[PDB]
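# Working through the structure, step by step
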Amino acid sequence: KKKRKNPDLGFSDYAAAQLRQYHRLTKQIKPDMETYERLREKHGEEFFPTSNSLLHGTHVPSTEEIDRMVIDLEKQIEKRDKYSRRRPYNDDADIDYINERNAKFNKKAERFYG
RNA sequence: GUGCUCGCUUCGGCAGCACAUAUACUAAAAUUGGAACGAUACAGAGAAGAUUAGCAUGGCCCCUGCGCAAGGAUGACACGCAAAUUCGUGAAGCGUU
Ligand SMILES: [Mg+2]
Ligand SMILES: [Mg+2]
Ligand SMILES: [Mg+2]
Ligand SMILES: [Mg+2]
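Residue indices run from 1 on each chain, following the sequence as it is written; they may not match the entry's numbering, and residues absent from the coordinates are omitted. Written order decides the labels, with chains lettered from A and ligands numbered from 1. What appears here is a fragment of a larger assembly, so each number quoted concerns just the fragment shown. The side-chain figures draw on all heavy atoms in the structure; neither hydrogens nor water molecules are used.

Structure determination for this entry is recorded as cryo-EM, at 3.0 Å resolution.

Attention now goes to the overall build of chain A. Runs of H or I in DSSP of at least four residues are treated as helices and runs of E of at least two as strands, each being numbered from the N terminus. Along its length, chain A carries 4 helices and 0 strands. For chain A, the N- to C-terminal ordering of α and β elements is α-α-α-α. The globule rule used for comparison is 2.2 Å times the number of residues to the exponent 0.38, while the radius of gyration itself is calculated over C-alpha atoms. Compactness check: chain A gives a C-alpha radius of gyration of 24 Å against a globular reference of 13 Å for 114 residues, more than 25% above the reference. With the C-alpha coordinates of chain A rotated into their principal frame, the extents come out at 70 × 35 × 35 Å. The buried label goes to any residue with under 20% of its type's maximum accessible area, the exposed label to any with over 50%, and the partly exposed label to all in between, with areas taken from a 1.4 Å probe on protein chains only. Across the 114 residues in chain A, those meeting the buried criterion constitute 1%.

Below, the discussion takes up the packing of aromatic side chains. The relative placement of two aromatic rings is captured by the distance of their centres and the angle of their planes. Planes of paired rings set the category: under 30 degrees apart is stacked, over 60 is edge-to-face and the rest tilted, where pairs are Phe, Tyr or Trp rings (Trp by its six-membered ring) whose centres lie within 6.5 Å. In total, this model carries 2 aromatic pairs according to the counting rule given. Judged by centre distance (6.1 Å) and plane angle (90 degrees), the rings of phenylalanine 11 and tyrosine 14 are edge-to-face. One exposure class covers both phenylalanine 11 and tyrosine 14, and it is exposed. Ring geometry for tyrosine 36 and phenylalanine 47: centres 5.0 Å apart, planes at 50 degrees, overall tilted. Here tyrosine 36, found in helix α2 (residues 33–43), pairs with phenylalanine 47, found in the loop between α2 and α3 (63–81); they are 11 residues apart in sequence, far enough to count as distant. With relative accessibility at 32%, the residue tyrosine 36 sits in the partly exposed group. Here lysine 108 stacks its cationic end above the ring of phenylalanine 105, 5.3 Å away from the centre of that ring. In this scheme, the term charge over a ring applies when either NZ of a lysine or CZ of an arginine sits within 6 Å of the ring centre and within 35 degrees of the ring normal.

So, about the protein's contact with RNA strand B. Lining the immediate environment of RNA strand B, one finds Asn6, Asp8, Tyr14, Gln18, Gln21, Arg24, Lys79, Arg80, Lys82, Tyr83 and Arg85. Consider each residue's heavy atoms; a residue with any of them within 4 Å of a molecule or strand counts as near. Sugar plus phosphate: this is where 53% of the atoms of RNA strand B within 4 Å of the protein reside. Each polar contact in these results corresponds to two N or O atoms within 3.5 Å; when the atoms are within protein, one needs to be able to donate a hydrogen and the other to accept it, and residues that are neighboring in sequence are counted only if both atoms are side-chain atoms. Within the side chain of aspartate 8, a nitrogen or oxygen atom sits 2.9 Å from a base oxygen of RNA strand B. Here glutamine 18 contributes a side-chain N or O atom positioned 3.0 Å from a phosphate oxygen of RNA strand B. Among the secondary structure elements, those contributing two or more residues to the surface near RNA strand B are α1 (14–28) and α3. With 4 residues, the single largest contributor to the surface near RNA strand B is α1. A class-by-class count of the residues in the surface near RNA strand B yields 2 nonpolar, 3 polar and 6 charged. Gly counts as polar in this scheme, as do all residues outside two lists: the nonpolar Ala, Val, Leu, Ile, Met, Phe, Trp, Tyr, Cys and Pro, and the charged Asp, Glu, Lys and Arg.

Right, let's talk about a nonpolar patch on the surface for a bit. Here a patch means residues that are over 30% exposed by relative accessible area and free of salt bridges, tied together within 9 Å if like-charged and within 5 Å if nonpolar (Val, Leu, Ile, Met, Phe, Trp, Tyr). A 1.4 Å probe and the Shrake-Rupley method give the accessible areas. Residues count as covered only by the protein chains that appear here. Here a salt bridge means any side-chain nitrogen of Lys or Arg lying within 4 Å of a carboxyl oxygen belonging to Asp or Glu. Residues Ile66, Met69, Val70, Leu73 and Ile77 make up a contiguous nonpolar surface patch of roughly 380 Å² in combined accessible area. Along the chain, the position of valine 70 falls in helix α3. For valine 70, a relative accessible area of 36% translates into the label partly exposed.

And the structure:
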C-alpha cells in the first residue's frame, strides 16, 4: 500500500501552479509499450534524435488518438473553469455597499485596513 | 505651293533640282455614378444635489482658418458580466479495491 500528500501554498508564480498541474496530468498518463514497439520496429535509429540530428517530415496521427488529447483538453478546461470558488450570497451580515462592485471594493478595503 | 533649270521649251503642259517634314486627353457627345448641413421630420447638450468655466488624452471622426495660432457644446465620440494563464483544505455521506 501507498501514501503521500501535497499541500497547497501561495500561487507564487503562475509557473508554480502550471507545474503542479503538469505533475498531476503527467502522473495520470499510462502508455502502451505495444504501440511503442510497433512504431519502433518501423523506424529504429530515427527514434533517438538529438535536437539537431534527425528528420522525418511529419508523423500523421490516427484520429482515435486525436480524440484522446481533445478529451483531456475538455477535462483540463473544466478543472480550470473552477479556479475561483465563489462564496454564497449571504445577506445575513450588515449591508453598507450600494452595488456588487462597491461590495467587493469594501471587501478589499477590509483586507488592507485592520 | 515657291523659285531655278540656258530642260523640253512653248510661253500650254510636263519634268528635274532645291526649299518646305508628322497636330491631337481626337468628341459638338454619349455615358456613368455622389454629394446640398436644404427641406422634412425625429432628435436634444461632461464632471457633482442644483447651475455653470474650462485645458487636455485616444483615433478608419471631422469642420472654419495662411496657420506649428485660435475656434467649433470643454467640437463630437470615448462605460451595464470593464474578470487573464491557475488551486487546495476541513468535515460528512454514499458506492468501490
Ligand atoms: Mg452636472
Ligand atoms: Mg479646442
Ligand atoms: Mg460655454
Ligand atoms: Mg474635446
